[PDB]
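One chain comes next, on its own, written as structure tokens: the form solved without the partner chain.
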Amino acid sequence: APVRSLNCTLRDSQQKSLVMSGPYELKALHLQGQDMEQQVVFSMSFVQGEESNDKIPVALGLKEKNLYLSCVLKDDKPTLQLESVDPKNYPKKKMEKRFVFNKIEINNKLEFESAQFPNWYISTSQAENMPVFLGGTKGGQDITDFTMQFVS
């Protein structure tokens, strides 16, 4: 049948919210109050892929926009991009591998590993107003843990 999707927001474990940074980038910043309306709402789709109790393959589309987070090689490195799709063939159950993240639940937090690039994670910087990126370790100064908030 159809693919199943949930609307949600994400915050990093330092409780930074995600906002648009021009058309094809996200950035993370500390937000509260009125400015919370700026945060990106995701449509998280539950897609085809290798699955276990704590590791669930998802696509992170933007709610009612034909824009997906995707993992591609850029200037020879795994990078995070926002990619446009045909709003007539998405969202689907069999999403292409560049769009798939393994949503991993460890110690009441979420990590989003690239299915295409093992051990590369959706990441934020500690500094305010810096891009969301794909980082090649769930260790060090960069932040790889998130919480999800469910949206109506």
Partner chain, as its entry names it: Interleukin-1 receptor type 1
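Shifts are known only where both forms have a C-alpha. Residue numbers count along the first chain shown, from 1. Throughout, rigid core stands for the largest set of C-alpha atoms superposing within 1.5 Å between the two forms.
What comes next is about the form deposited with the partner chain bound, which is not displayed.
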Listed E96, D35, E83, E51; moving between the shown form and the other one by 2 Å or more at the CA after core fit is just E51
- Does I106 count as moved between the shown form and the other one, where moved means a C-alpha shift of 2 angstroms or more after fitting the rigid core? yes
Taking the shown form as reference, the Cα pair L10 and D54 shifts by 3 Å or more in the bound PDB entry and sits farther
With a difference of at least 3 Å, the CA distance of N107 and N7 in the bound PDB entry shows the atoms closer
Core-superposed, runs of 3+ residues with CA shift of 2 Å or more between the shown form and the other one span 51-54, 106-108
